[PDB]
Undergrad: 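Just passing along the structure, written as structure tokens.
Convention: sequence-line order gives letters A, B, ...; per-chain numbering from 1.
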Amino acid sequence: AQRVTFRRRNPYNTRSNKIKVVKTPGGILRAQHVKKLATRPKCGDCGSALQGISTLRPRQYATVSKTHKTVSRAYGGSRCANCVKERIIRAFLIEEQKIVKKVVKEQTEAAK
Amino acid sequence: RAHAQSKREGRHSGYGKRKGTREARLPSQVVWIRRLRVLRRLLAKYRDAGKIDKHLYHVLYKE
Amino acid sequence: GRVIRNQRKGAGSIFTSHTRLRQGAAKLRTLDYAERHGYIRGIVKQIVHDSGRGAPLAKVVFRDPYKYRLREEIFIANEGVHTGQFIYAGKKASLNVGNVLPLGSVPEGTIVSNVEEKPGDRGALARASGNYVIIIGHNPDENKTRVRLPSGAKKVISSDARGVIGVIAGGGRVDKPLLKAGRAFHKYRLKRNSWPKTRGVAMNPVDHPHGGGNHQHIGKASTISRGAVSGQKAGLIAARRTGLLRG
Amino acid sequence: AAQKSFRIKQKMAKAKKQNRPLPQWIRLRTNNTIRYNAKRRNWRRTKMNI
Amino acid sequence: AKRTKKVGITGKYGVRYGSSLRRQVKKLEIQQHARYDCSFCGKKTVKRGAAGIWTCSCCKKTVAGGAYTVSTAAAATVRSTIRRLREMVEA
Amino acid sequence: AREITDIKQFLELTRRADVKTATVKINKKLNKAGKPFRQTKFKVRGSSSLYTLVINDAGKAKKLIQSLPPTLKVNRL
RNA sequence: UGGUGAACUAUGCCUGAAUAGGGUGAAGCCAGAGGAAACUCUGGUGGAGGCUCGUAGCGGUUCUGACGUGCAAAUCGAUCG
RNA sequence: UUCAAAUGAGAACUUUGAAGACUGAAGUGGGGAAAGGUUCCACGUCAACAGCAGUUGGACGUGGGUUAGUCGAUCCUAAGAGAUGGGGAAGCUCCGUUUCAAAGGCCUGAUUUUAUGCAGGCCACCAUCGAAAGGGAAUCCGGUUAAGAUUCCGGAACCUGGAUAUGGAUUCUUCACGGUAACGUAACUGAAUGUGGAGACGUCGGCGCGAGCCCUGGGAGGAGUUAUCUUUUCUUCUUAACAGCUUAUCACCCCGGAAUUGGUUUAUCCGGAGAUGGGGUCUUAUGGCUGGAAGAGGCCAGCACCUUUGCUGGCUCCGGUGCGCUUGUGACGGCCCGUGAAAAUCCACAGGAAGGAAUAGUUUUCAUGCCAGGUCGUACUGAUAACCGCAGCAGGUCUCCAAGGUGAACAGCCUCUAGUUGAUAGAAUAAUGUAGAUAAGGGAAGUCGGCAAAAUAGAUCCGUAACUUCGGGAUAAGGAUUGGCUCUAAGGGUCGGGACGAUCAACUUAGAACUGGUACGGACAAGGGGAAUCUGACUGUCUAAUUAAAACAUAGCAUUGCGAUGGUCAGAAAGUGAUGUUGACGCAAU
Ligand SMILES: [Mg+2]
Ligand SMILES: [Mg+2]
Ligand SMILES: [Mg+2]
Ligand SMILES: [Mg+2]
Ligand SMILES: [Mg+2]
Ligand SMILES: [Mg+2]
Ligand SMILES: [Mg+2]
Ligand SMILES: [Mg+2]
Ligand SMILES: [Mg+2]
Ligand SMILES: [Mg+2]
Ligand SMILES: [Mg+2]
Ligand SMILES: [Mg+2]
Ligand SMILES: [Mg+2]
Ligand SMILES: [Mg+2]
Ligand SMILES: [Mg+2]
Ligand SMILES: [Mg+2]
Ligand SMILES: [Mg+2]
Ligand SMILES: [Mg+2]
Ligand SMILES: [Mg+2]
Ligand SMILES: [Mg+2]
Ligand SMILES: [Mg+2]
Ligand SMILES: [Mg+2]
Ligand SMILES: [Mg+2]
Ligand SMILES: [Mg+2]
Ligand SMILES: [Mg+2]
Ligand SMILES: [Mg+2]
Ligand SMILES: [Mg+2]
Ligand SMILES: [Mg+2]
Ligand SMILES: [Mg+2]
Ligand SMILES: [Mg+2]
Ligand SMILES: [Mg+2]
């Protein structure tokens, strides 16, 4: 069976020197150097993969338009839309509780 | 090819022709995985067709 | 006639500590105005393993009082501290596990950890897993506090020195036998080059005071005085006694 | 090494241009006493040590 | 079926290191690999990441605990002492 | 390379003031049952991309050929 | 007395790479049996171990084999770990 | 190794043909890293060199040959190295790497004869060196040379930096709209500052999927065998980067409200913190179709032929199979007192500073269009002859690809592709050798000693003692079977449907008959075992080149010092260091 060689001068099986065997229009087998696979962007709060964000190597994010990199929502391409919902609910409830707390303090400061 | 045809007909498979253990020739885990996958496929098929209900399905799945 | 192993350790060439994978020095916040007069609230983001350290580390975020940003601090995690917990550090902070308080702000019998020897040194006492300092008394006249240290020693510290309520997490670690050489190997490759150990009596006289002889034996008293010099201090240095305690 | 510095390549170029026999007309010069290239270097005999 | 009479999880060690050492290791490995109740979500889903680190597979809460058990007895006594002292100071 | 399915788009593309050459390629696609037919490919050389329009009908093929601009240098096969 | 060496080798660190096919069958899990209670037992599943037979690799036990002005200032063959 | 021819003064050794062999894909093949340096290739050529010879050559003489925006270096940081401030040292210099230092550069106003003038903060990061295997912007296919190619030619792409117009989009509700939602899109303003993500990570195990390969059916060509048989044996039937559409395990959303608990993996996890179910959303690993692209490449058939050397035509298609091999990947699971880099770099979000509205009023991460991409390396070997070993030395020297059969198998043995047929030869078969073997009867009587050799050996089924830390001992011990051929049985996937039938597909296991000079793990391959004593617990390590062990280490046990103004250790000194990114469950010494 047709055997292949590395096409660069790196002769070692490093993770930057990974290949796959392809067949060319010339009918022969050849090595094809494959780049390292990209990691999905993760949420800043929970760490889960962000839905609707393209998976590219970091420099490739400078090539694509904004649509591939964000979602139409607050914290679009940085938080996971359950953490955003949790942020909204926590903010509203704690702000209301702060109003309640200062009303209680103003009430209990009138005891004397 | 002629030898392969004979092997498919059942020849050359006696005790004097085996040199690896039975496990080495065909893993017992592979045999079990085939059997259990057949059983689970059948149980799911029967539940989805309605020949058995989910309670009988669950008992048969466990056993 | 040769420089011995314990002498060679001080040049620190192959005997330095292996620090590549470590999370950073674990220390309290820099003692500032906020901790000095009130309290400041931080949030526990992570409880992470630290290479070469038995105890886990808590990673706590505080707001910077003077600039708009967040400051990360690497605390040694106390038992019970969890991610998402609020930590309170300061003079007016509450007496809860994980909070950082001056030693003068806690009653006698309080269990604290990562105790400062002097106020502002950011933690020096009771740092290993399962260790703690007991607050045993106060002297408000001289602004001092008596404590019991893990070694059983009694100590007097400034009442402004800080500590963390609770006990260092990870206790009971040394209760498990290693069972084999490889586990000690992996334990020390994350710490330093101190393992395995060759016995001095297995060496030649050129290498060790215990070296040589037609039998393996020390041949002279192994209790070495304080005034001995480098190359002589091999054995039981300044031993007040030897032998098995209580017969 | 097939990945060589320019400095190594320049030394190799000088050695290549030096690797030649004595020009024949030198021997015909008046009062000539040079009979051969006494500094002749070959890759199989002596290494040039960078 | 019963696969071992008494070695349990320490059957991985065969016959070496001695019975007493293997029994000592057995108790702590059973503790260390056990699943624990999550005080936050109420599920049997807390397992050890590394010595002293106890993570719940759901709700993702991580708590600092003992090297081989979620909570040591000394830690429980410390919590009771701190609660007693705090309530005494408040009262 | 990019495929174009809209003949109107192809028409505007043939007069883009940077496109200078085009190639008309004829492919025989013969089978007993489906179709023994004659397919034409109009390839326009843009500055950055080659645009191919595939037409499976000879009537449209000749109409496009006579609709091609005169300034466009066309190669056959 | 003043200099030069860790291209060999010793040890640490940093960054990479490499290691067929078999034997045995730990925990966890599922089903079942016996028992008045304690509780005991079986069949599967699973795939642990500084386990084991054994390739590549690493090493170097014996022949006290070859060689011993050698292929070689330490190698060759078989047997071995 | 052999025969013949050619060349040559001369041929065992050169060349060609023929034959016989070998490496047998962890190669005697195809590439590379270090190293070498022209050894590469051509022409001429044999005085010296080549373990003989030589017309040949890694020799000798003369020349030719290495083409990059995309492959590397160059950039980043790693363990580290090292200036400056400052301190020490008679001094050569030493410490230290952010320090006890007054240690700098961003946007915006900008009259663009021209560079600035005052503005108001912006962190306080301290030089720099350190990887041709770590990180990292971007290229593929076909062709082409005596010798170069991911670099040349042809075609087809991509990135970065810059410039810049048109179209589209948006705006009189100024900075888009749709979807309940997960989110969608051709776009769809956004300074300081902050936050987050990617870069970015162990190992092993089974399972799923992909790719290349292996195997195989039909057909369209070519070659071989053809006394006989053989719808036969061999061979060609290919599709790159890039682009558009589409395609997913996981994850998530909407409805709903679950005990008769259900769903479900090979592996038992999940569900009122909302399961099953119904319907949706998303990542695009990966595959499919299309473009690239048949015009290329491959295989053939007819004419012409060194007239630059061709011309013309046809086909290049459709399937199947899997515990297969190699490799990539996903979701998981095991393990740790081990939890398995950093930085450059890119992006997003939060925030709201400024700026912006009607025959060209802003902005455009949308499309198209314009320009440029420097420097150095690039030949060849990579070893039984291109490196090191005094040499053309049986030694040593990192790594990628890996066909068929047998077989558990990357074992051994045989073969295909590729490569080689090199190592002084001819004749003859004394002693003694070296290597390989055989042996009547006896069976360790040999010898210090069973040294050496022999015996055993695979697989299936039986059967396994003392002792034991209950895990083992154990393949204990000790027995039976095994070929070929002809069959039989069991073990499945889809689809029909609304109790089976029809189709498709492997190789495991078991049984029976027959058969033979009772042979059959038929070559290859492949444990001797038992009863005890001494000794070291075990696995592991060392005297490179006479000692592998009972020696060293080891877990376990015990003792000693020390709470930092410290213990132990370093330095000539120091405003100097190691432990120490440490703190008694620790470090240090035994
Ligand atoms: Mg790299
Ligand atoms: Mg197998
Ligand atoms: Mg099994
Ligand atoms: Mg020792
Ligand atoms: Mg000795
Ligand atoms: Mg003495
Ligand atoms: Mg040499
Ligand atoms: Mg070295
Ligand atoms: Mg082993
Ligand atoms: Mg020896
Ligand atoms: Mg000898
Ligand atoms: Mg040898
Ligand atoms: Mg010859
Ligand atoms: Mg000669
Ligand atoms: Mg040559
Ligand atoms: Mg020459
Ligand atoms: Mg590059
Ligand atoms: Mg650099
Ligand atoms: Mg070449
Ligand atoms: Mg080109
Ligand atoms: Mg080149
Ligand atoms: Mg090359
Ligand atoms: Mg080469
Ligand atoms: Mg020979
Ligand atoms: Mg005999
Ligand atoms: Mg006999
Ligand atoms: Mg005798
Ligand atoms: Mg005797
Ligand atoms: Mg023997
Ligand atoms: Mg025995
Ligand atoms: Mg030795």
Side-chain angles (χ1 to χ4, degrees), chain A residues 1 3-14 20-21 23-27 37 39-42 44 51-52 55 58-59 61-62 65-67 69-71 75 77-78, chain B residues 14-16 18-20 24-27 30 33 36 54-55 58 63, chain C residues 6-7 9-12 14-17 19-20 22 24-25 49 54 68-69 124-125 127-131 149-151 153 155 173-174 178-182 186-187 190 193 196 202 222 230 234-239 242 244, chain D residues 1 3-4 6 12 16 43, chain E residues 1 5 7 9 11-12 14-16 18-19 41 50-51, chain F residues 1-3 18 47 52:
Chain A
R3 294 166 279 183
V4 303
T5 65
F6 280 136
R7 293 180 75 170
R8 283 93 175 255
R9 270 183 204 282
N10 184 0
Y12 306 110
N13 185 47
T14 78
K20 84 183 191 84
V21 173
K23 199 175 292 157
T24 75
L37 292 184
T39 297
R40 294 191 64 194
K42 305 312 204 291
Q51 169 168 10
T55 310
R59 193 89 186 249
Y61 284 115
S65 81
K66 189 85 145 187
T67 302
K69 305 183 263 191
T70 184
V71 168
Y75 297 83
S78 61
Chain B
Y15 294 129
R18 314 177 203 178
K19 283 182 91 48
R25 290 157 63 84
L26 172 59
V30 160
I33 289 169
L36 185 55
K54 67 187 168 187
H55 316 291
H58 210 79
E63 69 206 341
Chain C
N6 64 41
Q7 294 180 275
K9 287 193 186 187
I14 54 157
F15 300 109
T16 49
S17 61
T19 50
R20 163 176 71 104
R22 297 187 190 191
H49 173 81
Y68 173 71
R69 64 207 207 193
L125 308 170
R127 281 170 145 260
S129 63
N131 284 104
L149 302 189
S151 62
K155 184 90 165 283
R173 166 173 54 75
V174 300
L178 296 164
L179 291 180
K180 56 184 199 165
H186 289 292
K187 164 172 186 78
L190 278 299
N193 184 17
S222 57
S230 302
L236 317 182
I237 296 141
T242 50
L244 190 51
Chain D
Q3 293 178 356
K4 59 186 78 51
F6 178 83
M12 287 153 57
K16 171 200 175 61
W43 74 272
Chain E
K5 182 178 179 180
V7 304
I9 188 173
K12 66 175 143 173
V15 305
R16 38 197 194 282
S19 71
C41 79
Chain F
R2 165 192 288 298
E3 184 178 359
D18 72 290
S47 166
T52 298

Undergrad: Can you tell me how far P of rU264(H) sits from NE2 of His55(B), to the nearest Å?
TA: 14 Å

Undergrad: Would you indicate, yes or no, if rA48(G) has its OP1 or OP2 atom less than 4.0 angstrom from a side-chain nitrogen or oxygen of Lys12(E)?
TA: no

Undergrad: Counting only Watson-Crick pairs (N1-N3 plus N6-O4 or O6-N4) and G-U wobbles (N1-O2, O6-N3), all under 3.5 Å, who is the partner of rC3(H)?
TA: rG17(H)

Undergrad: For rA558(H) versus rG449(H), give the span between their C1' atoms, rounded off to a whole number of Å.
TA: 45 Å

Undergrad: For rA6(G), which nucleotide in any strand shown is its Watson-Crick or wobble partner with both distances under 3.5 Å?
TA: none

Undergrad: Partner of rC209(H) by Watson-Crick or G-U wobble geometry, both contacts under 3.5 Å, or none?
TA: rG328(H)

Undergrad: For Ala25(C) and for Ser230(C), find the nucleotide of RNA chain H with the closest heavy atom, then tell me which residue's nucleotide is more 5'.
TA: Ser230(C)

Undergrad: Once hydrogens and angles are ignored, does a donor-acceptor distance under 3.5 Å link the base of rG458(H) to the side chain of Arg18(B)?
TA: no

Undergrad: So what does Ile237(C) touch, heavy atoms closer than 4.0 Å: a base, only the sugar-phosphate, or nothing?
TA: sugar-phosphate

Undergrad: With both distances kept under 3.5 Å, what pairs with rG219(H), Watson-Crick or G-U wobble?
TA: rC237(H)

Undergrad: What's the gap between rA241(H) and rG377(H) when it is taken at their P atoms, as a whole Å value?
TA: 33 Å

Undergrad: So, OP1 or OP2 of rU276(H): does either fall under 4.0 Å of a side-chain N or O from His58(B)?
TA: no

Undergrad: Sign of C1'-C2'-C3'-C4' at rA259(H): does that make it north or south?
TA: south

Undergrad: Distance check needed: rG583(H) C1' versus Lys155(C) NZ, whole Å only.
TA: 10 Å

Undergrad: Assign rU364(H) to north (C3'-endo side) or south (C2'-endo side) according to its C1'-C2'-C3'-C4' torsion.
TA: north

Undergrad: If we take the P atom in both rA465(H) and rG443(H), what is their distance in whole Å?
TA: 33 Å

Undergrad: Between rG302(H) and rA301(H), is the stacking condition met, i.e. ring centres under 5.5 Å and planes under 30 degrees?
TA: yes

Undergrad: At less than 4.0 Å, is any side-chain N or O atom of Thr67(A) found next to OP1 or OP2 of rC188(H)? Yes or no.
TA: no

Undergrad: I'd like to know if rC495(H) pairs with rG205(H), where a pair means Watson-Crick or G-U wobble geometry with both distances below 3.5 Å.
TA: no

Undergrad: I'd like to know if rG80(H) pairs with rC129(H), where a pair means Watson-Crick or G-U wobble geometry with both distances below 3.5 Å.
TA: yes

Undergrad: I'd like to know if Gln51(A) reaches the base of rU281(H) with its side chain, counting only an N/O donor and acceptor under 3.5 Å.
TA: yes

Undergrad: List the residues meeting salt bridge (charged side-chain N to carboxylate O under 4.0 Å, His left out) with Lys12(E), not counting sequence neighbours, and say none if there are none.
TA: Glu29(E)

Undergrad: Expressed in angstrom and rounded to an integer, what is the separation of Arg59(A) atom CZ from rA137(H) atom P?
TA: 5 Å

Undergrad: From the options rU581(H), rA198(H), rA17(G), select the nucleotide whose nearest atom is closest to the side chain of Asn13(A).
TA: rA17(G)

Undergrad: Using the P atoms only, state how far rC387(H) lies from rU375(H), rounded to an integer number of Å.
TA: 33 Å

Undergrad: Take the protein atom CE of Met12(D) and the nucleotide atom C1' of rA35(H), then report the distance between them rounded to whole Å.
TA: 12 Å

Undergrad: For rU114(H), what is the paired nucleotide under Watson-Crick or G-U wobble rules, both distances under 3.5 Å?
TA: none

Undergrad: Between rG536(H) and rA544(H), how far apart are the two P atoms, rounded to whole Å?
TA: 26 Å

Undergrad: Using only modelled atom types and a 3.5 angstrom limit, is any donor from either the side chain of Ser47(F) or the base of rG369(H) paired with an acceptor on the other?
TA: no

Undergrad: Could a donor-acceptor pair under 3.5 angstrom be found where the side chain of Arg8(A) meets the base of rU150(H)?
TA: yes

Undergrad: Could you tell me the Watson-Crick or G-U partner of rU180(H), where both distances fall under 3.5 Å? Say none if there is no partner.
TA: none

Undergrad: Closer to the 5' end of RNA chain H via nearest nucleotide, is it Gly11(E) or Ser65(A)?
TA: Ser65(A)

Undergrad: I'd like the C1' distance from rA198(H) over to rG135(H), given in whole Å.
TA: 13 Å

Undergrad: Taking donor-acceptor contacts at under 3.5 Å, does the side chain of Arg22(C) reach the base of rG580(H)?
TA: no

Undergrad: Could you let me know what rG63(H) is paired to, Watson-Crick or G-U wobble, both distances under 3.5 Å, or none if it's on its own?
TA: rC41(H)

Undergrad: With a 3.5 Å limit on both atom pairs, tell me what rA510(H) is paired to, counting Watson-Crick and G-U wobble, or say none.
TA: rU488(H)

Undergrad: Does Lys9(C) contact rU568(H) through a side-chain donor or acceptor facing the base, at a distance under 3.5 Å?
TA: no

Undergrad: When the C1' atoms of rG121(H) and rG104(H) are compared, how many Å lie between them, rounded to an integer?
TA: 14 Å

Undergrad: Can you find an N or O donor on one side and an acceptor on the other, under 3.5 Å apart, linking the side chain of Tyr15(B) with the base of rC461(H)?
TA: no

Undergrad: Let me know the distance between NZ of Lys19(B) and P of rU508(H), rounded to the nearest Å.
TA: 17 Å

